[PDB]
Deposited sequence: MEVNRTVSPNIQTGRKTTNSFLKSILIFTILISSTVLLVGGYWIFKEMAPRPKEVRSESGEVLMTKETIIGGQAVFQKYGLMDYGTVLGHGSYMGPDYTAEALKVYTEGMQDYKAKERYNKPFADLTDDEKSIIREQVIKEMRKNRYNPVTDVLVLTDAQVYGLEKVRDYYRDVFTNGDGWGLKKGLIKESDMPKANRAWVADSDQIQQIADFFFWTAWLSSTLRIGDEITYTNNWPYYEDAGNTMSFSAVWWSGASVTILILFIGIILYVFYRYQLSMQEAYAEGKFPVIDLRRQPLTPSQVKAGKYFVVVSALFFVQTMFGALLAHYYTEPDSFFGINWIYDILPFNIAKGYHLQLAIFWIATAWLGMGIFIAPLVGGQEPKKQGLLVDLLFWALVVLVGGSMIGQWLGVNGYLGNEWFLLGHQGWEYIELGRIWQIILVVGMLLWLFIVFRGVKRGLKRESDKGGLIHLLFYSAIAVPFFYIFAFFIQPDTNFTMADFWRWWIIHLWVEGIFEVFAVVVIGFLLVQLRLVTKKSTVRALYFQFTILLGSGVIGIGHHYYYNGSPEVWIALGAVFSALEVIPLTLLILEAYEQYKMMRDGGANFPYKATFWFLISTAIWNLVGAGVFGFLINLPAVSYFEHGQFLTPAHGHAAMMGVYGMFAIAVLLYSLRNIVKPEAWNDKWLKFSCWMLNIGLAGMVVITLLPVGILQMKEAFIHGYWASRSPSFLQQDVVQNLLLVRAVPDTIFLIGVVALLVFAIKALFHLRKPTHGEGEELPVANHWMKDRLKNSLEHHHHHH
């Protein structure tokens, strides 16, 4: 019964938090805004069907518009937020209709006040799944309908391609998820719906389906009491647990303990370290991620450029033609997850034999096969997205094209091959680790924790399948976050962490006992806050008001594990020094230290800058999000993948040919460029955008007009300095990765024994 209490706590933590998530997931499904079978006029004339709404949404996904603009605050920022934009047109129309822009202030005052009392009342009948909206509202739906035809025909005057939506892209009828009916009448309908629920009070409630989001006086949308109350409450509870957790941490020495006495640093003679065929093979895996990282960055360089030159890349043409923003955005995200994720899969391949003590038969065969599987998935899924967004696909867009969800842009069949790949990956890990699991008595020991977490990789991605074109937006978004917030960060904050403990225990740098106890404490505080903390993504996506409290409180608690960081980085810096200038893993530790600090700064402080519900009310879907997004994503996960990538490359390259000079330069260039792009550009624009929404309405902050202000542009223009500096750091890595195959070692043992 070695770490019994810690296990109960962890198990209990996972059990309780999972329940709350599921219950809250149920409350959403049951309280989210409805998609009436028929929405119609006072004359009884139907204008909308649940099937239309589902269709509009479908074409929105079909054309990957979530990689251009947003809806309900989620998606890209080049374009506007259709919900807020559609809401304005619809609101403006209701004004004109009742206006029968020239009235007196004393006059426009009366009308705008009239449209307020009229549009915020729920006219949906639960007994009968049908909604009826006044004439003043139908006239508004018209302006909305007209507005977007113009848009999806003439363009939006900023980055969006002309007449991108065309019937010729899909069959006469019998269209996959989109309905038999004009496509750009469905979209306008989808947008109108999100705008409908964002401005209409919840039945019996006093605020709307989105807790009064977006901010917009003319529609009566203003900050809710819960948004302000939970801002204070969440932080007070955080203060309460910081003290509590700190005490627990201090009293049980729940951290790694050095395994060596003063001056007795362990010898790391890499020359006499067993190496195997599957490991050397996993070595080239890293050069590819290094390459994908290179392209991923490039697309980022392209996206940033488009904020200054909307329809061209320095006058050139094909670029905005074949690689427009939405498409480029998709690849940027897709490749980020791809290169970071597969860096750890490789790391898994690499240590697998070490855990077992030998090379599994056909390991190199399986490894090599896994290799050409992703390479296909990647090259393939991307081709798919191009064909899909462009229309050179039929009803195969959802299966092979662009699924239409930011972060989840690949097609369903592309997702299927993904899981099988991970499943295969899992098998490969298990094959090499299997015997370790057998030697390890304690079923909750290092190797078991390493294996349990390894399986969460493929498994947890399966929740994505609860998502498909006809799913209600807020409910589908609910599941999307299980992948973005729980999965990606489950790949990294659990699997990676146990992998590092394993490595440090192997190098004989920290006691094994010390390490597993530490992992238990972290996992419990990590899952104890983060599982429910997922809810801060549900503040305004249409979810019930209860998630404002749940999300605010639990995401705030996510900061606790983060503070036991700047000081963990130091313990690591410390042991890095205990190893002289001949310490083999310098480069690795510099990136390790870097991820801890960015975890405090990028996720901890920049993430919190936008976490308060009071703040997020205005900020949600603005530049501060990407500010935090890069600081955390690249700062934490990118650096971590790199640390592990260099760690493996070190056990593979011939020492004599190794030089971490270039890596020092990379580390410096990457860190400086990341901070610079955040601080010099993303942050100041984020503030302006939030101020602009606070004073004129959120619609004004998401209009291309905002991006056009000279002040914004200049801020946008100087992003090039730090962006170029960051770029240089990645090429230096790439160059070091590539010309690293030229100095590889060859397997020491085969299917033998270490």
**OP:** Would you flag the ranges of the deposited sequence that the structure leaves without C-alpha positions?
**Re:** 1-16, 117-123, 778-800
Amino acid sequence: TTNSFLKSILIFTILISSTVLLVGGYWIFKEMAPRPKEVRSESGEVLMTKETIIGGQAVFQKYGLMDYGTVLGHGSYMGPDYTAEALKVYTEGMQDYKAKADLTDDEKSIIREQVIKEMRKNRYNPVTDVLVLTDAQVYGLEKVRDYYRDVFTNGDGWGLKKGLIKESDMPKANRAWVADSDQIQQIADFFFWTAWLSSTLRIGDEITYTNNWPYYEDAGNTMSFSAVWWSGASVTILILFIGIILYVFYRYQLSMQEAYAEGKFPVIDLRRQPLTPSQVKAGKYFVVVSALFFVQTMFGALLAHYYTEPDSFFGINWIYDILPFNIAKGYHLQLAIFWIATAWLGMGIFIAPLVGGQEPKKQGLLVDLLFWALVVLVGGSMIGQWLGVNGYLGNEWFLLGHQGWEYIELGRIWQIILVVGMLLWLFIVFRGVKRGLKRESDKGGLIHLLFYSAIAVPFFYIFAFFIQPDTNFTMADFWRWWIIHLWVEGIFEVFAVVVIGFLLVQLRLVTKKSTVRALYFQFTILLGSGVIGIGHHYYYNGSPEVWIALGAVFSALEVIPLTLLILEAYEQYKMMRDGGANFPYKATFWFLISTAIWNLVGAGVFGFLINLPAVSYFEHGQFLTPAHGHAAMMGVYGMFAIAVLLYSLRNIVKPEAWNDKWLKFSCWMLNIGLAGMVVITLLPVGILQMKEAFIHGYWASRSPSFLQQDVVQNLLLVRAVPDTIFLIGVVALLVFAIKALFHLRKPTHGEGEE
From here on, numbers count along this sequence of modelled residues.
Original post:
With respect to the recorded C-alpha B factors, which stretch has the higher mean value, 653-661 or 635-643?
Top reply: 653-661
**OP:** Could you settle it for me: does 160-168 or 71-79 have the higher average Cα B factor in the PDB entry?
**Re:** 160-168
Original post:
When the CA B-factors of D477, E558, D150, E545 are compared as recorded in the entry, which is the largest?
Top reply: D150
Original post:
Say you rank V605, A614, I316, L683 by Cα B-factor from the PDB entry; which sits at the top?
Top reply: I316
Subject >> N714 - which third its CA temperature factor falls in, relative to the rest of the chain >> reply: lowest
Subject >> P36 by Cα B-factor - lowest, middle or highest third of the modelled chain >> reply: highest
**OP:** Could you tell me which third, lowest, middle or highest, the C-alpha B-factor of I14 occupies within its chain?
**Re:** lowest
Subject >> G64 - Cα temperature factor, lowest/middle/highest third of chain >> reply: middle
Subject >> Modelled-residue ranking by C-alpha temperature factor, third containing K691 >> reply: lowest
